[PDB]
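Visitor: For reference, the file run-v6.tsv (TSV, C-alpha atoms) is included below:
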```tsv
chain	number	residue	atom	x	y	z
A	532	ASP	CA	186.17	263.25	203.34
A	533	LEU	CA	185.34	261.70	199.94
A	534	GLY	CA	188.52	263.20	198.44
A	535	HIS	CA	190.54	261.83	201.38
A	536	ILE	CA	188.90	258.38	201.10
A	537	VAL	CA	189.68	258.22	197.34
A	538	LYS	CA	193.32	259.35	197.84
A	539	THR	CA	193.73	256.80	200.67
A	540	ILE	CA	192.16	253.94	198.66
A	541	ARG	CA	194.58	254.85	195.77
A	542	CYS	CA	197.59	254.50	198.15
A	543	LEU	CA	196.38	251.08	199.24
A	544	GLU	CA	195.78	249.96	195.65
A	545	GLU	CA	199.17	251.18	194.39
A	546	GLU	CA	200.82	248.63	196.79
A	547	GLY	CA	198.45	245.67	196.08
A	548	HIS	CA	196.69	245.34	199.47
A	549	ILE	CA	193.49	245.81	197.53
A	550	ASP	CA	192.86	245.05	193.87
A	551	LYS	CA	191.39	247.71	191.56
A	552	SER	CA	188.22	245.57	191.93
A	553	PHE	CA	187.89	246.14	195.70
A	554	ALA	CA	188.82	249.83	195.32
A	555	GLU	CA	185.88	250.31	192.96
A	556	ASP	CA	183.51	248.30	195.10
A	557	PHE	CA	184.67	250.08	198.29
A	558	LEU	CA	184.14	253.52	196.77
A	559	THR	CA	180.70	252.64	195.28
A	560	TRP	CA	179.66	251.11	198.63
A	561	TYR	CA	180.96	254.14	200.63
A	562	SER	CA	179.13	256.62	198.38
A	563	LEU	CA	175.86	254.76	197.80
A	564	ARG	CA	174.93	252.20	200.54
A	565	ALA	CA	177.33	252.64	203.52
A	566	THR	CA	175.22	253.46	206.61
A	567	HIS	CA	175.92	256.71	208.48
A	568	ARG	CA	177.82	254.88	211.29
A	569	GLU	CA	179.87	252.73	208.91
A	570	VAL	CA	180.93	256.06	207.25
A	571	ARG	CA	181.90	257.39	210.74
A	572	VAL	CA	184.01	254.24	211.28
A	573	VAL	CA	185.67	254.49	207.81
A	574	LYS	CA	186.55	258.11	208.63
A	575	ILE	CA	188.23	257.00	211.90
A	576	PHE	CA	190.42	254.45	210.09
A	577	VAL	CA	191.34	257.01	207.43
A	578	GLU	CA	192.19	259.56	210.11
A	579	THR	CA	194.68	257.18	211.78
A	580	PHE	CA	196.28	256.64	208.45
A	581	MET	CA	196.44	260.45	207.80
A	582	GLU	CA	198.29	260.76	211.14
A	583	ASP	CA	200.77	258.03	210.04
A	584	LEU	CA	201.28	259.79	206.70
A	585	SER	CA	201.74	263.19	208.43
A	586	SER	CA	204.43	261.58	210.64
A	587	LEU	CA	206.35	259.90	207.78
A	588	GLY	CA	206.31	263.18	205.82
A	589	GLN	CA	207.67	265.11	208.81
A	590	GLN	CA	210.28	262.37	209.39
A	591	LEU	CA	211.52	262.39	205.79
A	592	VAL	CA	211.63	266.20	205.67
A	593	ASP	CA	213.18	266.59	209.16
A	594	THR	CA	215.76	263.86	208.59
A	595	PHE	CA	216.81	264.45	204.95
A	596	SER	CA	216.24	268.14	204.01
A	597	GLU	CA	219.74	269.18	204.95
A	598	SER	CA	221.07	266.38	202.68
A	599	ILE	CA	218.69	267.11	199.83
A	600	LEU	CA	219.92	270.75	199.74
A	601	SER	CA	223.43	269.25	199.32
B	532	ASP	CA	212.82	249.80	196.64
B	533	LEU	CA	212.79	252.64	194.07
B	534	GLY	CA	209.25	251.69	193.01
B	535	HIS	CA	208.16	251.64	196.67
B	536	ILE	CA	209.87	255.00	197.37
B	537	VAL	CA	208.12	256.61	194.36
B	538	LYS	CA	204.69	255.18	195.32
B	539	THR	CA	205.20	256.33	198.93
B	540	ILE	CA	206.33	259.85	197.91
B	541	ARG	CA	203.18	260.04	195.67
B	542	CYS	CA	200.94	259.23	198.69
B	543	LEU	CA	202.60	261.98	200.71
B	544	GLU	CA	202.28	264.49	197.86
B	545	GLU	CA	198.61	263.69	197.17
B	546	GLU	CA	197.81	264.95	200.74
B	547	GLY	CA	200.07	268.08	200.67
B	548	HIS	CA	202.70	267.12	203.30
B	549	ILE	CA	205.22	267.64	200.56
B	550	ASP	CA	204.89	269.86	197.49
B	551	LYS	CA	205.54	268.44	194.01
B	552	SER	CA	208.81	270.44	194.35
B	553	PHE	CA	210.10	268.41	197.32
B	554	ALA	CA	208.89	265.14	195.75
B	555	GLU	CA	211.06	265.82	192.71
B	556	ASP	CA	214.02	266.94	194.76
B	557	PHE	CA	213.67	263.95	197.14
B	558	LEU	CA	213.56	261.46	194.28
B	559	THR	CA	216.53	263.06	192.41
B	560	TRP	CA	218.51	263.16	195.68
B	561	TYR	CA	217.63	259.52	196.56
B	562	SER	CA	218.64	258.26	193.10
B	563	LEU	CA	221.74	260.38	192.46
B	564	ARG	CA	223.51	261.67	195.65
B	565	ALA	CA	221.98	259.93	198.72
B	566	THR	CA	224.79	258.05	200.52
B	567	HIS	CA	224.43	254.29	201.04
B	568	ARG	CA	223.46	254.72	204.74
B	569	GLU	CA	220.97	257.52	204.07
B	570	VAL	CA	219.31	255.09	201.57
B	571	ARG	CA	219.24	252.41	204.33
B	572	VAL	CA	217.54	254.95	206.65
B	573	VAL	CA	215.00	256.03	203.96
B	574	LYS	CA	214.16	252.33	203.44
B	575	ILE	CA	213.48	251.93	207.20
B	576	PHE	CA	211.04	254.87	207.24
B	577	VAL	CA	209.30	253.55	204.12
B	578	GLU	CA	209.05	250.09	205.66
B	579	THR	CA	207.24	251.45	208.76
B	580	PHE	CA	204.84	253.19	206.48
B	581	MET	CA	204.29	249.96	204.42
B	582	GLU	CA	203.38	248.23	207.71
B	583	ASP	CA	200.86	251.02	208.51
B	584	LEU	CA	199.37	250.73	205.02
B	585	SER	CA	199.20	246.90	205.29
B	586	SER	CA	197.30	247.33	208.59
B	587	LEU	CA	194.78	249.90	207.27
B	588	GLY	CA	194.11	247.71	204.23
B	589	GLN	CA	193.49	244.66	206.43
B	590	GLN	CA	191.29	246.77	208.74
B	591	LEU	CA	189.13	248.14	205.91
B	592	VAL	CA	188.78	244.70	204.30
B	593	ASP	CA	188.20	242.85	207.61
B	594	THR	CA	185.72	245.42	208.90
B	595	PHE	CA	183.70	246.30	205.76
B	596	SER	CA	183.79	243.33	203.30
B	597	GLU	CA	180.62	241.81	204.64
B	598	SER	CA	178.89	245.20	204.14
B	599	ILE	CA	180.37	245.82	200.72
B	600	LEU	CA	178.96	242.46	199.50
B	601	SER	CA	175.55	243.80	200.67
```
Kindly present the structure from the file in structure tokens form.
Guide:
Amino acid sequence: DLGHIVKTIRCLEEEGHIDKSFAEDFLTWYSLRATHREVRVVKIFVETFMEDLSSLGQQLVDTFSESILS
Amino acid sequence: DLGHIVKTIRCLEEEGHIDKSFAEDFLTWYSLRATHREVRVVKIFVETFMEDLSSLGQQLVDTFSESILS
């Protein structure tokens, strides 16, 4: 979870939807003072995103592999 | 574009949908020998992903900001 949340927050930050400031605050909050249910809800959001990432990856691989190999 | 493609490929790699090997090959291919149309199609896939990232970011911010602030 924590590893997935950090990786996900990094993706967001790298494209400027959150500033480094919010990233830090989000992670400190998540780790220290997020209630058990708000963690469960964070996990849900991250899981949807993981599914979208899985899909893109499959798409890129499926669509371009043949070309990449030459 | 290129900056967005690299950032996007990094997100994928960080969660093991592609190995560092494919990342490198994908980027070299994209830059050097991807045809103009296959670039247009890559861009489309990346754009869908950018929309999914935008949404997650908004979701996290919208849902948790109040909590993060205390």
Visitor: If you count all atoms listed in the file, which residues fall within 12 Å of residue 541 of chain A, apart from same-chain ones fewer than 3 positions away, as a VMD selection string?
Guide: (chain A and resid 534 to 538 544 to 555 557 to 558) or (chain B and resid 538 to 539 541 to 543 545 to 546 584 588)
Visitor: Which of these residues is nearest to residue 599 of chain B, using only C-alpha atoms: A:566, A:540, A:577, A:532?
Guide: A:566
Visitor: Between atom CA of residue 576 of chain A and atom CA of residue 590 of chain B, what is the spacing in Å?
Guide: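 Atom CA of residue 576 of chain A lies 7.8 Å from atom CA of residue 590 of chain B.
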Visitor: Would you mind telling me which residue in B:533, B:580, B:574, B:567 lies nearest to chain A when using all atoms listed in the file?
Guide: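 Checking each candidate against chain A, we get B:580 as the closest.
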Visitor: Taking all atoms of segment 562-572 of chain A that the file lists and extending 5 Å past them on each side, where is the centre of the axis-aligned box and how long are its edges? Answer in Å to one decimal, as lines of an AutoDock Vina configuration file.
Guide:
```
center_x = 179.5
center_y = 254.8
center_z = 204.5
size_x = 19.1
size_y = 15.2
size_z = 23.5
```
Visitor: Looking at B:597, B:562, B:568, B:573, which one is nearest to chain A, with distances taken over only C-alpha atoms?
Guide: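 Of B:597, B:562, B:568, B:573, the one nearest chain A, counting only C-alpha atoms, is B:573.
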Visitor: Record the distance separating atom CA of residue 575 of chain B and atom CA of residue 593 of chain B, expressed in Å with one decimal.
Guide: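 Distance reported for this atom pair: 26.9 Å.
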Visitor: Mind giving me the straight-line distance from atom CA of residue 571 of chain A to atom CA of residue 598 of chain B in Å, one decimal?
Guide: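 Distance reported for this atom pair: 14.2 Å.
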